[PDB]
Amino acid sequence: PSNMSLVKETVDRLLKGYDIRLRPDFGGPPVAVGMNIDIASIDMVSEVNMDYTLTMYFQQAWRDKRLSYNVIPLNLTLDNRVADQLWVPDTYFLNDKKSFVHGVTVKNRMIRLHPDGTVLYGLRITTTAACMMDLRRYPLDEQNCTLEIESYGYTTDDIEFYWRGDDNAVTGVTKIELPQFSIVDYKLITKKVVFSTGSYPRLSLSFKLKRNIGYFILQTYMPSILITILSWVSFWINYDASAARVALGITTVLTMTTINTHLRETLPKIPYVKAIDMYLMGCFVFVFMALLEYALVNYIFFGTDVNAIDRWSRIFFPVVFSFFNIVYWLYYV
Amino acid sequence: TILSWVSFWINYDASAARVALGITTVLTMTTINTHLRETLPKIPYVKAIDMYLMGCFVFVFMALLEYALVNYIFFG
Amino acid sequence: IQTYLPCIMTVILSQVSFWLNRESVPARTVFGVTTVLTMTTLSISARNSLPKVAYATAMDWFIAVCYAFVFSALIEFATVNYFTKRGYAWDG
Ligand SMILES: *[C@@H]1O[C@H](CO)[C@@H](O[C@@H]2O[C@H](CO)[C@@H](O[C@@H]3O[C@H](CO[C@H]4O[C@H](CO)[C@@H](O)[C@H](O)[C@@H]4O)[C@@H](O)[C@H](O[C@H]4O[C@H](CO)[C@@H](O)[C@H](O)[C@@H]4O)[C@@H]3O)[C@H](O)[C@H]2NC(C)=O)[C@H](O)[C@H]1NC(C)=O
Ligand SMILES: *[C@@H]1O[C@H](CO)[C@@H](O[C@@H]2O[C@H](CO)[C@@H](O[C@@H]3O[C@H](CO[C@H]4O[C@H](CO)[C@@H](O)[C@H](O)[C@@H]4O)[C@@H](O)[C@H](O[C@H]4O[C@H](CO)[C@@H](O)[C@H](O)[C@@H]4O)[C@@H]3O)[C@H](O)[C@H]2NC(C)=O)[C@H](O)[C@H]1NC(C)=O
Ligand SMILES: *[C@@H]1O[C@H](CO)[C@@H](O[C@@H]2O[C@H](CO)[C@@H](O[C@@H]3O[C@H](CO[C@H]4O[C@H](CO)[C@@H](O)[C@H](O)[C@@H]4O)[C@@H](O)[C@H](O[C@H]4O[C@H](CO)[C@@H](O)[C@H](O)[C@@H]4O)[C@@H]3O)[C@H](O)[C@H]2NC(C)=O)[C@H](O)[C@H]1NC(C)=O
Ligand SMILES: CCCCCCCC/C=C/CCCCCCCC(=O)O[C@@H](COC(=O)CCCCCCCCCCCCCCC)COP(=O)([O-])OCC[N+](C)(C)C
Ligand SMILES: CC(=O)[C@H]1CC[C@H]2[C@@H]3CC[C@H]4C[C@H](O)CC[C@]4(C)[C@H]3CC[C@]12C
Ligand SMILES: CC(=O)[C@H]1CC[C@H]2[C@@H]3CC[C@H]4C[C@H](O)CC[C@]4(C)[C@H]3CC[C@]12C
Ligand SMILES: CCCCCCCCCCCC
Ligand SMILES: CCCCCCCCCCCC
Ligand SMILES: CCCCCCCCCCCC
Ligand SMILES: CCCCCCCCCCCC
Ligand SMILES: CCCCCCCCCCCC
Ligand SMILES: CCCCCCCCCCCC
Ligand SMILES: CCCCCCCCCCCC
Ligand SMILES: CCCCCCCCCCCC
Ligand SMILES: CCCCCCCCCCCC
Ligand SMILES: CCCCCCCC
Ligand SMILES: CCCCCCCC
Ligand SMILES: CCCCCCCC
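Judging from the entry metadata, cryo-EM is the method by which this structure was determined, and 2.5 Å is the reported resolution.

The PDB entry annotates chain B as Gamma-aminobutyric acid receptor subunit beta-2 originating from Mus musculus. Listed in the archive, the entry goes by the title "Native GABA-A receptor from the mouse brain, alpha1-beta2-gamma2 subtype, in complex with GABA and allopregnanolone".

The PDB entry annotates chain A as Gamma-aminobutyric acid receptor subunit beta-2 originating from Mus musculus. As recorded by UniProt, the Sequence similarities comment attached to chain A reads in full: "Belongs to the ligand-gated ion channel (TC 1.A.9) family. Gamma-aminobutyric acid receptor (TC 1.A.9.5) subfamily. GABRB2 sub-subfamily."

In C-alpha cells form, the structure reads like this:
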C-alpha cells in the first residue's frame, strides 16, 4: 500500500488548482488532438431516415503539461469519473442526429495519464449520423456516408486535429458485416471548415458503402420477371378465350402496380425515379402491352392474319424483353 | 365459410363460376389467417383461434374439392 | 403454419387443375394465375420477418421449388390447351 499512497499524492497534486475552464496552452499555441477510431459495428443503415448508426471506441490523445508527473514510472489508468475534473476537447459530430455514451456497468469512458502529460481519452459512442443518399440507381447504388468530427468552441488558433497514426487511425472496417452492404472503401480527411465565428478543425471519416443486389433479386426483380413471363402465356391461348386472356392480363397488370406501390412506400418520398422504378415501370409496359395485344386481337377480329399478330407477338415479346434486360443490366451494372 | 356453400347450389356445368367462387373463398381464409396471426407474437403453437381458422379452411377447401370431384365424375 | 402450410396448400391448389376437364379454359386459367400470384405474395411475405441478408435461406429454396411447381402447373395447362382441338366439352 506504500505505492498506493504515493500515487494518491501525485494524482491529488494534478487536480489541485486545476482550472478545467482553460484548455492546454491557453493563451498560447493550439493544442494538437490525435484521434483514432475502432469501428465496433455499423447498423440501421436506413434510407427512410437517411442515417446510419455507428458504434465505435472513440479515442482522443492530447498533451497537457499540467497533467505531467515523473515520480511514478507506470501509466495511470484512473476511474472514469476523473474525466469530469479534467479539460477534454469539446469535439462533436456535425451530422450526428442522436448519440449517447454507453452507460452500463458504468460510463463507458477511459482516462489514462502518461508521465509526459499525454492524456488518452476514450469513449464508446453509438451515434446515429445523417447520411444523405442518392437513390437514383437504387438498389444498384454506392452510398458515401461520412462522420464529421469537429471542435465546437475552439478555432484553429486554439486546437488542431490529426489522425493519430494517419491511414492506420481507423480499424475494424474490414470486420464490419452489414447484411445488405459491402464496405468497399473508407477514407480519412483533414479539413478546415470556416464559419462566421472563425475557422475550425475538421476530421471527416467517409465510408463508401456498396449495396448487395442478391437480396433484391429474390424479392424485387424475379417476382416482376416471372409475372412478366406469366403475361406472355396469354399469347398461347386462342383469341376467342376472352375471359381467360383478360383475367390473365389484368391480374398481371394489377399485381405489377401493387408490387411497385408496395415497395416505394417502404422508401422515403424522394421525387426522382430510382433504378428499381425503371425496371418495374419497364416491366409494366410489357405486361400492359401484353393486355393491349389481346385488345387489338379482339378488335381486329370482331370489329389467318389474326394468328400472325398472335404468332409474331409469341416471339418478339420474349425477344424485346430480353434486349430491354440487356440494355438495362448493361447500363446499370 | 357460409358463402363457400353457395357453390353447391350452382349448376354443375359452371366450372368458371364455382371454381372462381371456391378459389376466392379458400384464398380469403389464408389471408384472414395470415393477417390475424401477424398481430400476435411469433408463438410456435396453435391457439384456439388458429384451430378454428384451420378448421374452417378444411370445410372451404373440401367445398372446392367437392366440385372437382363432381367435375371428374361427370367428364372423366 | 405461416409459410410452409400456405406454400404446401397453394401447391395442392394448383394441382386441382389437373383433374378438371381441359375445355374449362377460364376455370383452369384462374387456377394457374391465382396460385402463381398467391405464391408471389407468400414469397414476398415470408422474407419480411428476417433481415435483408444477401444469401438465400432454406425457406427461400422451399418457396422457390413450390414456385416451380405452381408455375409448371400453369405451363402444363397452356401445353394442354395448345392441343385442345375443340371448344365445346363433353355432354350427356
Ligand atoms: C505507457 O504508455 C507508453 C505509450 O504507449 C508506452 O510506451 C510505448 O509502448 C509502445 C507499445 O505499444 C511502443 O510501441 C512500439 O514503438 C516502437 C518504437 O517506436 C519509436 O518510434 C515511434 C515513431 O512514431 C515513436 O512514436 C515511439 O515513441 C518510439 O520512439 C515501434 O517500433 C513498435 O512498432 C513495431 O512493432 C513490432 C515490434 O517492434 C514490429 O514488428 C513492427 O514492424 C513495428 O516496427 C511499437 O509501435 C513504444 O515504443 C512506446 N513509446 C511510445 C509509443 O512513445 C509505455 O510502455 C507505457 N508504460 C508502461 C507500459 O509501463
Ligand atoms: C451533458 O454532458 C455533460 C458532460 O460533461 C454532463 O455534465 C456532467 O454530468 C455529470 C452527471 O450529473 C456531473 O457529475 C456530477 O458531478 C458533481 C460534482 O462532483 C465533484 O464534486 C463533488 C462534491 O460536490 C465531489 O464529491 C466529486 O468527487 C467531484 O469532485 C457531483 O456532485 C454530482 O453528484 C450527483 O450525482 C450523484 C450520483 O451518484 C448523486 O449521488 C449526487 O447526489 C448528485 O445528484 C454528479 O456526479 C458532471 O459534473 C457534469 N459535468 C462534467 C464536466 O462532467 C451533463 O449531465 C449532460 N447533460 C446536460 C443536460 O448537460
Ligand atoms: C465521399 O465524398 C467526399 C466528398 O465530399 C469525399 O471526400 C473528398 O475527397 C477528396 C479526394 O480524396 C478530397 O479532395 C482533395 O484530396 C486531396 C488528396 O490529395 C490528392 O490531391 C492533391 C491535390 O489535388 C494532390 O496533390 C495529391 O497528390 C493527391 O492526389 C487533399 O490533399 C485535398 O486537400 C487540399 O486541397 C484542398 C482544395 O485545393 C485545399 O482546400 C486543402 O487545404 C488541401 O490543401 C482535398 O481534400 C476532399 O477534400 C474530400 N472532402 C470533401 C470534398 O469535402 C470522400 O472521399 C468520399 N468517400 C470516399 C470513400 O472516397
Ligand atoms: C436473339 C436471342 C435473344 C435471347 C432471347 C430470345 C427469346 C427466344 C424465345 C422465344 C419464345 C419461344 C417460342 C418461339 C416460337 C413461337 C411460335 C411457336 O409456337 O413455335 C412452335 C412451338 O414452339 C414451342 O414448342 C414452345 C417453345 C417455347 C416454350 C418454352 C417452354 C419452357 C418455359 C420455361 C419458362 C419458365 C420461366 C423462366 C424462369 C427464368 C410451333 O409453331 P406454330 O404455332 O405451331 O406454327 C408454326 C408452323 N407453321 C409455320 C406451319 C405455321
Ligand atoms: C384499334 C385497336 O387496335 C384498339 C385495341 C385496343 C385499343 C386501345 C385501348 C386503350 C384506349 C385508351 C383510351 O381510350 C384511348 C384509346 C386506347 C389507347 C385504344 C386505342 C385503340 C386500340 C389499340
Ligand atoms: C378422383 C377425383 O375425383 C379427383 C377430383 C379432385 C382430385 C384431388 C385434387 C387434389 C389432389 C392433390 C394432390 O394431387 C393429390 C391428389 C388430389 C388430392 C386429388 C384426389 C382425387 C380427386 C378427388
Ligand atoms: C425519367 C425516366 C422515365 C422512365 C419511364 C419508363 C420507361 C420504360 C421503358 C420500357 C421499354 C419497353
Ligand atoms: C420525366 C419526363 C417524362 C418522360 C416520359 C418518358 C415516357 C417513356 C415511355 C416509354 C414506353 C412507351
Ligand atoms: C397496341 C397493340 C400491340 C400489338 C403488338 C403486336 C406485335 C407484333 C406485330 C406483328 C404484325 C405482323
Ligand atoms: C396499335 C394500333 C393499331 C391500329 C390498327 C387499326 C386497323 C384497322 C383495320 C385495318 C387492318 C385490318
Ligand atoms: C446482376 C443480376 C442479374 C439479373 C439478370 C436477370 C435476367 C432476367 C432475364 C429474363 C429474360 C426472359
Ligand atoms: C437472355 C438475356 C438475359 C439478360 C442479360 C443480363 C446481363 C447481366 C450482366 C451482368 C453484368 C456483366
Ligand atoms: C394440432 C391441432 C390440429 C388442428 C386441425 C384443424 C382442423 C380440425 C377440424 C376439421 C373439421 C372438418
Ligand atoms: C421466387 C423466386 C423463384 C425463382 C424460380 C422459379 C421457377 C421458374 C419457373 C420454372 C418452370 C419450369
Ligand atoms: C414463354 C411463356 C410460356 C409458354 C408456355 C406454352 C408452351 C406451349 C407449347 C406447345 C407446343 C409445343
Ligand atoms: C393433426 C390433425 C390434422 C387434421 C386435418 C384434417 C385433414 C386435412
Ligand atoms: C376422394 C374421392 C375418391 C373417390 C372418387 C371416385 C372413384 C374414382
Ligand atoms: C407437422 C405436420 C404438419 C402438417 C402437414 C400438412 C400436410 C398437408
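### As for the pattern of salt bridges
Taken as a whole, this structure holds 20 salt bridges over all chains when the rule is applied. Between B:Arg37 and B:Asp50 there is a salt bridge; the shortest N-O distance is 2.7 Å. Note that B:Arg37 is positioned in helix α1 (residues 15-39) and B:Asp50 in helix α2 (residues 48-75), a separation of 13 residues in sequence. According to the relative accessible area criterion, B:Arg37 is buried, its value standing at 13%. Among the residues examined, B:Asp50 registers a relative accessible area of 1% and is labelled buried. We note a salt bridge from C:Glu76 to C:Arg28, for which the minimum N-O separation is 3.1 Å. Of this pair, C:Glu76 sits in helix α3 (residues 58-82) while C:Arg28 sits in helix α2 (residues 25-46); the two residues are 48 residues apart in sequence, bridging distant segments of the chain. Among the residues examined, C:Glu76 registers a relative accessible area of 28% and is labelled partly exposed. Classification of C:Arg28 by relative accessible area gives buried; the value is 4%. It is possible to trace a salt-bridge network through shared partners that takes in A:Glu47, A:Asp141 and A:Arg211.

### Considerations on the state of the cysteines
Put plainly, a disulfide is one covalent bond tying together the sulfur atoms of two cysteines. All names here are of chain A. For the structure shown, the criterion picks out 1 disulfide over all chains. Paired by a disulfide, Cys 131 and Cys 145 hold their sulfur atoms 2.0 Å apart. What sets the handedness of the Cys 131 and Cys 145 disulfide is the S-S torsion sign, and at about -80 degrees it is left-handed. Here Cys 131 is found in the loop between β7 (118-130) and β8 (142-151), whereas its partner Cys 145 is found in strand β8, with 14 residues between them in sequence. Summarising the burial analysis for this pair, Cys 131 and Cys 145 share the class buried.

### Some thoughts on the interface of chain C and chain A
Bring the parts together and some accessible area is lost; that lost area is often taken as the interface size. The partner chain A presents 23 residues to the 22 residues of chain C that form the contact. The three residues of chain C that bury the most area against chain A are C:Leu37, C:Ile44 and C:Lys52, which together make up 28% of that side's buried surface. Remark: the boundary between chain C and chain A carries 0 salt bridges. Along the contact surface separating chain C from chain A lie 1 residue pair in polar contact. Among the elements of the structure, α2 and α3 of chain C are those that each provide at least two residues to the side of chain C that touches chain A. With 8 residues, α2(C) is the largest single contributor of residues to the side of chain C that touches chain A.

### Examining the site of ligand 4
Within the structure, ligand 4 sits among A:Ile229, A:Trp236, A:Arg314, A:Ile315, A:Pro318, A:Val319, A:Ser322 and C:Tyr82. In this structure, ligand 4 sits where chains A and C come together, each supplying nearby residues. Within the side chain of C:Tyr82, a nitrogen or oxygen atom sits 2.5 Å from an oxygen atom of ligand 4. Examining the composition of the shell around ligand 4, we find that 5 residues originate from one element, helix α5 (residues 305-332) of chain A, more than from any other. A class-by-class count of the residues in the shell around ligand 4 yields 6 nonpolar, 1 polar and 1 charged.

### Overview of the interface of chain C and chain B
The interface is formed by 21 residues belonging to chain C together with 23 residues belonging to chain B. When chain C packs against chain B, close to 1800 Å² is buried across both sides, 75% of that on carbon and sulfur atoms. Ranking the residues of chain C by area buried against chain B places C:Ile1, C:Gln2 and C:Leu13 at the top, with a combined share of 28%. At the junction of chain C and chain B, the tally comes to 0 salt bridges. Where chain C meets chain B, there are 3 residue pairs in polar contact. For the side of chain C that touches chain B, the elements supplying multiple residues, two or more each, are α1 (4-16) and α2 of chain C. No other element matches α2(C), which puts 7 residues into the side of chain C that touches chain B. Its residues assigned to classes, the side of chain C that touches chain B shows 13 nonpolar, 8 polar and no charged.

### Brief notes about the pairing of strand β6 (residues 109-113) of chain A
Within a regular strand, side chains alternate between the sheet's two faces. All names here are of chain A. Of the two faces of β6, only the one carrying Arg 109, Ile 111 and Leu 113 is buried; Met 110 and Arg 112 on the other face are not. Pairing of strand β3 (residues 76-78) with β6 involves 3 bridges; the strand directions are antiparallel. Bridging across to β6, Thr 77 finds its partner in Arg 112. Alignment of β6 against β7, held across 5 bridges, turns out to be antiparallel.

### Describing the site of ligand 11
The full set of residues close to ligand 11 is A:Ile225, A:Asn325 and A:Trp329. If ligand 11 stood free it would expose 420 Å²; the protein chains cover 57% of that surface.

What counts as what
Residues numbered from 1 in each chain as written, not as in the entry; some residues may be left out. Chains lettered and ligands numbered in written order. Part of a larger assembly, values for the part shown. Heavy atoms only, no water. UniProt positions renumbered as here; feature names shortened; annotations may be inferred. Salt bridge = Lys/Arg side-chain N within 4 Å of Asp/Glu carboxyl O. Helix = DSSP H or I, 4+ residues; strand = E, 2+ residues; numbered from the N terminus. Buried < 20%, exposed > 50% of the residue type's maximum accessible area, 1.4 Å probe, protein only. Disulfide = S-S within 2.5 Å. Contact = heavy atoms within 4.5 Å. Buried area = accessible area lost by both parts, 1.4 Å probe. Polar contact = N/O pair within 3.5 Å; in protein donor to acceptor, adjacent residues only side chain to side chain. Near = heavy atom within 4 Å. Nonpolar A, V, L, I, M, F, W, Y, C, P; charged D, E, K, R; others polar. Pairing = 2+ DSSP bridges. Areas by Shrake-Rupley, 256 points an atom, 1.4 Å probe, with all protein chains shown as cover.

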